[PDB]
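> Below is the structure I would like to discuss, written out as structure tokens.
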Amino acid sequence: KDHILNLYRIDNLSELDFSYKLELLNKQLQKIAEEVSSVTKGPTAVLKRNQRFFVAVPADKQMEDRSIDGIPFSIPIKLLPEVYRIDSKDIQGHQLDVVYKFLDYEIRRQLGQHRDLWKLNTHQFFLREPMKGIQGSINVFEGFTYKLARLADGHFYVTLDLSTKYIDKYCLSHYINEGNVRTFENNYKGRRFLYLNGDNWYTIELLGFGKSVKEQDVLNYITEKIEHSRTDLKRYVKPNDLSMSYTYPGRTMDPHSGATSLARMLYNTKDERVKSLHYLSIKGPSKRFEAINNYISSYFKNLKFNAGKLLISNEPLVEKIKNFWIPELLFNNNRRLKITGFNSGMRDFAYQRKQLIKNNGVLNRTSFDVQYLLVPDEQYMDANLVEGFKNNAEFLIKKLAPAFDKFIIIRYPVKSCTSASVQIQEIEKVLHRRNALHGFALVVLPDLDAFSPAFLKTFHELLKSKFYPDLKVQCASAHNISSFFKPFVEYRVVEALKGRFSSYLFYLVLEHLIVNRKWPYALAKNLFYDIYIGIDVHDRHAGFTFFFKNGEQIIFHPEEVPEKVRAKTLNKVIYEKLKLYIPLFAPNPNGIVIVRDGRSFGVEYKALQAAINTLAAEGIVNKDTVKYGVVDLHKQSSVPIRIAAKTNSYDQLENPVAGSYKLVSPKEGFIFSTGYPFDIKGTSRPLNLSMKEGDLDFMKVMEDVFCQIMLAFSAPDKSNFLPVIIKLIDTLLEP
Amino acid sequence: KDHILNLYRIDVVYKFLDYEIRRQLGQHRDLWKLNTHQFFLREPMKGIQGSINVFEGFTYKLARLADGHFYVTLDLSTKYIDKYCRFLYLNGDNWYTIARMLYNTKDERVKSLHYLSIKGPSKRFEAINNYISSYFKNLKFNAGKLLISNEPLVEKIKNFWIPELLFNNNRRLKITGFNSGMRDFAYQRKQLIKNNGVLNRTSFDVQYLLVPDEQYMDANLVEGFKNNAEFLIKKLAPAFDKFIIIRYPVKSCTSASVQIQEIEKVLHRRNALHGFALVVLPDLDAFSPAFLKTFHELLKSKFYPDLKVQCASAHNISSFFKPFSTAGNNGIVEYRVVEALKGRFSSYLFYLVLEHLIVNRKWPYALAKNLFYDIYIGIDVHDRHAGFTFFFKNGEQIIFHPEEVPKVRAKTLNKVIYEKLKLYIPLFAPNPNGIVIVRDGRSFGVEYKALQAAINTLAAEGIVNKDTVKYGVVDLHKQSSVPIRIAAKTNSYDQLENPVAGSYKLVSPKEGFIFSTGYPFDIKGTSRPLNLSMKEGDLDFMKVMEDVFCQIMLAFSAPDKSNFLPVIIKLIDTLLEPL
DNA sequence: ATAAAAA
DNA sequence: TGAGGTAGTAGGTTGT
DNA sequence: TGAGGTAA
Ligand SMILES: [Mg+2]
Ligand SMILES: [Mg+2]
């Protein structure tokens, strides 16, 4: 079947004119381009020619000889009267920054010059009319994000996707007045605000407050802007609101000033609105694609180039998207789970995964260590419920992992609500009294009755970060444990809540086993490349995961990093771990792939090359027949691709099957994996992959990454987005 | 598109074939029968941690469709039986109903185990095929052989079109095709009701707010709930006046103790005999469910049909609010709706206000186009009591009347029909072109002959012309005659889905099924058919079915959700609580 | 496998 | 905190 | 007892 894509083709490039006018080095070139683009009000399309770098500028606008104050010296910049011609059928890679930047600039200018629209950043434009009928104090604004695309067919495309923003109804006017300037000032600095300023709406970052408008000198200025305004801001502006200082969210400039009346406040999607909002922006395939088509037809029409016409078409791209196949999984006592086609076996994939794990236990059958059951004392939470819960948990674990020994109990008191004194009292007194400093354990959070919020999580966070290297724990809430047993004395699980308690216990036991590095299952067939090294660094902490063929060998390693010392530490860790582990699990490695999260600066490739050279010096690995490279994985996709399948059902659009991939360049691809066999509400989101260096094959890397996606260890019954290496790094490395 | 039916063709003899199938199916070792047309397996599930086991099985029947062949209809079934102790008595391998109990669908014992009996179209239509292939083979035609087939019947099933609804201030809602308009049909229905308001703008009677006393409930929670309810009910129906409040003492709670004082002490003194009122049930603290259920039954049934009562639960009302510390004033100690808990409270209040308007006989909307027949009559014989609804053209005139049935019951029913028709025909639908009675349950000709007598009397008085008029009787089955299940075969990854709303299937020219639940709504599992059978009269069955389906779209209780019964029978079930 | 927290 | 994804970025023309 | 279908 065919799939409708999120791309609209620009069918006018054959008659477009184009023109020309001419790390530290990269930063200096970027700074030069930013400065010329700011003073010429146009796009910069920096070009490399004859081992030299020039700033591209279209021939209409002039450029006066001057100097730019760079960090080593003020480089002179000079107009070159020579003008170059680009035809419609020769857009070679040195000219790829051209065409792209010109079209981008033109589209952004013409879209920002619209009436019922405004821009949030370089590529996000939202409506000025919020959603109707919201009973809260939060307005929801609906808009789009667009991007230019250079699909390998030879045509440029516009990619448009939906987006929502949450902004309070009124800010800095009914929240802070002149009587409490110093009271709540610290609750607003560093945030992001929306400024209306008549009919030129833009986002800002506030650097602090100031005096009032009648004293700070800026009346008769804003009155000029609100005079020629389609919105009556005369009533909004009063000579009592104080003057606030703002800068642009991009970078730093002089601290401009403005009134506090017109400024609304934005929310990142973590502060409030969780489970009370965020459900309005979840749209299925048909609704979302209809909204996208309406946006394209409403605003991306009759666009004008510099002299010509921009003919952006309708009826978005229709192609035939190929997919990878679901890999075959391996469980305890063989017991393979493989998919033969589009049959009933594919329908129950997740359920059969969970059932096989439940029946056969975990695949990793090594020994265990000393375990604890940190639990409140006898006066709080009592003892009979604790004993019943311990009995049930021990029975389930011994059914799952037959090497389990015992579940030694440790009691602590709670006293009062401090969250810092109870930190020492709870685990630095009783645990220090015993020899229970090395182990795994699992803690039961005290939340029986009338627990106050906004601190327990803090306590929980502290509970997850004190003895990280030696006491990796898994938390649990006593409110949910006490919600199944009822007094009869003795305690018994209520008859009505038997399946729910079973599911709770199964998930809790599986998570505790995951903390113990006991992987429930692994792939049956070997990957194309033997070694996969997933790297993820954040919050000053780095995490490495080594994945050998089949996954039967997954080794996690955390590290502390502070930048040359960082590169040296990375190289040392990679070399030491590879030299230790290659002769054991992967003799004569075929290839090494580094899946890096974030952005790659070339340090990973250098470390891998040095390690390979040292390994070849040791004679462990060859040099003529070996591949090694770095592949970057983007959590947030570069271009917002969406895919839906065309079906004859009453809902004409459907989510694509799991594993559907589309590549745009020779070294850039997108994978969809949360599709048919799993159940989701909304549209599947893409996963973006792109090589950086090396001599690997991109098809093999993409297929192996998709194979790693199918290894779901946390909740086997649900879908998975990240591959197992990055998911494991995120699950561990809690501090 | 092509649809798949649950019909497996066999390639009078009806009772003989049923006897053969029953006798051969009773011999299977892992197959114990429970009724004439119900079988089950001799094994429960695995991984069941309760004290009650469940038993899978199938429901079986024969069909005599108009094609000219006999067909087999099969659908799933589930039984609940306790393991430790009607009974399931034992005699060797012969197990039959007459040392284990057979549970019922009520009580908490089964309520936690019900998701296992709900299967979607793909799972259900593969289980049916497995049951057919496994057990429904090697069947014998006594001495001969019976070819129970597979690859179920595939037909081009037609459907009715969703009628155009009429709301307040016109503002109709119509469906033009399989476009984005029909996708949001239920949401548009609810939104139009919320915006325009109810269609009926008649005046209100006296209403009350009888709630528990101060010793059990605060004096500000009830005030806030009453204010919000009043605001919503004034926005919907602008003719509402006020919601005066009556306070009654709790006087403990053991077993129907509060009922004795409820009428003689507070209700009689304040002269609250006539009204509609709204009652909050006291269960704020720890409560015994039996006392609350008995209190609800006695409150609904103690008073004769005067002062029809709609109730509510104090627990949800208290949970929907928060005791603010009245920062700004002194001693207010008011309660407010939680900011994060506004949408659910809005839905709660909307549904409660809609229910209180239904019990006040204020219908929200109606159909724009007139039905093919002018008069529709819905008769139900409740326990010792009966209820009648009269449905005139389009839906703007719906009348309800209860009656105590004391045989002379036919005389009373005939007299009621005659007086109601002679009162109402000249006012709303002069010169009717057809009268249809829709009876819930089974008909025995009493209602038909009563209608015939009333028509003869009215023609004697010249109210309705006898030559041009028609009358008929149709029977509604709440449990279907045969368990027909259909699904739509699609190109998607899941190859089956529920049929669209309006899919009808006529088994015989006098019996058929309608699938009201379908695409524009969302359900878990497969839609169940509503079964209609025209017994006597001179009507056209197709027109009656179309009008009944158009009546199903009149969902007065929950406009957002789908409706299974026509509005006349649903109104009887709602407003015919015992006495 | 189960309903929500989520028109 | 039993858990999953869907919702949710980066944020250079300039808009005192 | 806020309310619908699906389970019966
Ligand atoms: Mg009710
Ligand atoms: Mg966790």
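> Is there any pair linking a residue in the range A:476-500 that is within 13 Å of chain B (Cβ to nearest Cβ) and farther than 18 Å from A:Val444 by Cβ to one that is surrounded by 14 or more Cβ atoms within 10 Å (Cβ to Cβ) and among the basic types (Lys, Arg), with Cβ under 9 Å and at least six apart or on different chains, and which?
Filtered contacts from the range A:476-500: A:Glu495/B:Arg109; A:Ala496/B:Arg109.
> Go through the range A:108-134 and give me each residue that's in contact with a strand residue (DSSP E or B) (Cβ under 9 Å, 6 or more places away or on another chain) and within 14 Å of chain B (Cβ to nearest Cβ).
A:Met131, A:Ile134, listed by residue number.
> Now for a different question. Which number in (1) of a type in the set (A, V, I, L, M, F, W, C); (2) more than 16 Å from DNA strand D (Cβ to nearest atom); (3) surrounded by fewer than 16 Cβ atoms within 10 Å (Cβ to Cβ) marks the one condition that B:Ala340 misses?
Looking at each condition in turn, B:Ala340 falls short on (2).
For every residue, the table says whether it meets (1) part of a loop (DSSP other than H, G, I, E, B); (2) within 22 Å of A:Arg273 (Cα to Cα).
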| position | (1), (2) |
| --- | --- |
| A:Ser163 | no, yes |
| A:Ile167 | no, yes |
| A:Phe193 | no, yes |
| A:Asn197 | yes, no |
| A:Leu206 | no, no |
| A:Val218 | yes, no |
| A:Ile226 | no, no |
| A:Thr231 | yes, no |
| A:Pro239 | yes, no |
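> Looking at (1) under 27 Å from B:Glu546 (Cβ atoms); (2) within 16 Å of ligand 1 (Cβ to nearest atom); (3) crowded, with 19+ Cβ neighbours inside 10 Å, which is the one condition that is false for B:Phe400?
Here B:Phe400 meets the rest and fails (3).
> So, one more: Identify, please: which residue in the range B:487-509 is assigned to a strand (DSSP E or B) and among the polar types (S, T, N, Q) and is, among those, nearest to the other protein chains (Cβ to nearest Cβ)?
B:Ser503
> May I pose another question? Return the only residue of A:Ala616, A:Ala586, A:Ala611, A:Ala567 being closer than 26 Å to A:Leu363 by Cα, more than 16 Å from DNA strand C (Cβ to nearest atom), away from every other protein chain (no Cβ under 14 Å) and small (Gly, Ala, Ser).
Being closer than 26 Å to A:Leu363 by Cα, more than 16 Å from DNA strand C (Cβ to nearest atom), away from every other protein chain (no Cβ under 14 Å) and small (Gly, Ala, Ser) holds for just one of A:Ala616, A:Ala586, A:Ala611, A:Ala567, which is A:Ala586.
> Quick one: in the range B:21-78, which of the residues that are of a type in the set (D, E, K, R) and over 18 Å from B:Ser134 (Cα atoms) is farthest from the other protein chains (Cβ to nearest Cβ)?
Filtering first and then ranking leaves B:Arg64.
> Quick one: which strands (runs of 3 or more DSSP E) sit completely within the range A:469-539 and have at least 1 residues that are closer than 26 Å to A:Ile326 by Cβ and more than 16 Å from DNA strand E (Cβ to nearest atom)?
A:531-538
> I want to confirm something. Restricting to the range A:686-725 and keeping residues that are part of a loop (DSSP other than H, G, I, E, B) and among the aliphatic types (A, V, I, L, M), which single residue is farthest from ligand 2 (Cβ to nearest atom)?
Here the residue is A:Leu696.
> May I ask you to list the residues in the range B:226-243 that are in a loop (DSSP other than H, G, I, E, B) and either over 17 Å from B:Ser203 (Cβ atoms) or in contact with a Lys or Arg (Cβ under 8 Å, 6 or more places away or on another chain) (or both)?
If the condition is that a residue be in a loop (DSSP other than H, G, I, E, B) and either over 17 Å from B:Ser203 (Cβ atoms) or in contact with a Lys or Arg (Cβ under 8 Å, 6 or more places away or on another chain) (or both), then B:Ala237, B:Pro238, B:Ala239, B:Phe240, B:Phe243 are the ones that fit.
> Now for a separate question. On the given criteria, is B:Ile484 buried (at least 19 other Cβ atoms within 10 Å of the Cβ), within 30 Å of B:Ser117 (Cβ to Cβ) and away from chain A (no Cβ under 14 Å)?
yes
> Sticking with this one: Of all the strands (runs of 3 or more DSSP E) wholly in the range B:130-217, which have at least 2 residues that are within 28 Å of the chain's Cα centre (by Cα) and away from chain A (no Cβ under 14 Å)?
Those strands (runs of 3 or more DSSP E) span B:165-167, B:170-173.
> Could you please give the count of residues in the range A:245-292 that are part of a loop (DSSP other than H, G, I, E, B) and away from every other protein chain (no Cβ under 14 Å)?
Going through the range A:245-292 one residue at a time, the tally reaches 17.
> Answer with yes or no whether B:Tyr519 is farther than 25 Å from B:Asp374 by Cα, within 16 Å of DNA strand C (Cβ to nearest atom) and of a type in the set (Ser, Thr, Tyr).
yes
> Hey, B:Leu267 hits all of (1) more than 14 Å from every other protein chain (Cβ to nearest Cβ); (2) among the hydrophobic types (A, V, I, L, M, F, W, C); (3) within 16 Å of DNA strand D (Cβ to nearest atom) but one; which does it fall short on?
(3)
> I'd like to check which helices (runs of 4 or more DSSP H) are fully inside the range B:282-361 and have at least 1 residues that are under 25 Å from the mean Cα position of the chain (by Cα) and more than 16 Å from ligand 1 (Cβ to nearest atom).
Because the criterion is at least 1 residues that are under 25 Å from the mean Cα position of the chain (by Cα) and more than 16 Å from ligand 1 (Cβ to nearest atom), the helices (runs of 4 or more DSSP H) in the range B:282-361 that meet it are B:289-301, B:343-359.
> I need the full set of residues from the range A:237-257 which are closer than 21 Å to A:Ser38 by Cα and of a type in the set (A, V, I, L, M), in order please.
Correct list: A:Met253 only.
> Next up: Going through the range A:293-326 one residue at a time, which ones are of a type in the set (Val, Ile, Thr) and in a strand (DSSP E or B)?
If the condition is that a residue be of a type in the set (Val, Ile, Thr) and in a strand (DSSP E or B), then A:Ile312, A:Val318 are the ones that fit.
> Test A:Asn177 against the criterion of being exposed (fewer than 13 other Cβ atoms within 10 Å of the Cβ), more than 18 Å from A:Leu120 (Cβ to Cβ) and away from ligand 2 (no atom under 16 Å from the Cβ), and give yes or no.
For A:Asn177, the condition - exposed (fewer than 13 other Cβ atoms within 10 Å of the Cβ), more than 18 Å from A:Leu120 (Cβ to Cβ) and away from ligand 2 (no atom under 16 Å from the Cβ) - is not met.
Residue-wise test of (1) under 30 Å from B:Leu76 (Cβ atoms); (2) within 16 Å of DNA strand C (Cβ to nearest atom).
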| residue | (1), (2) |
| --- | --- |
| B:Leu530 | yes, no |
| B:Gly537 | no, no |
| B:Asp540 | no, no |
| B:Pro559 | no, yes |
| B:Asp573 | yes, no |
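Since every read-out is calculated from the coordinates, none of them should be taken as a lab result. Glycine gets a Cβ as well: all are built from the backbone with ideal geometry, and neighbour counts include every protein chain shown.
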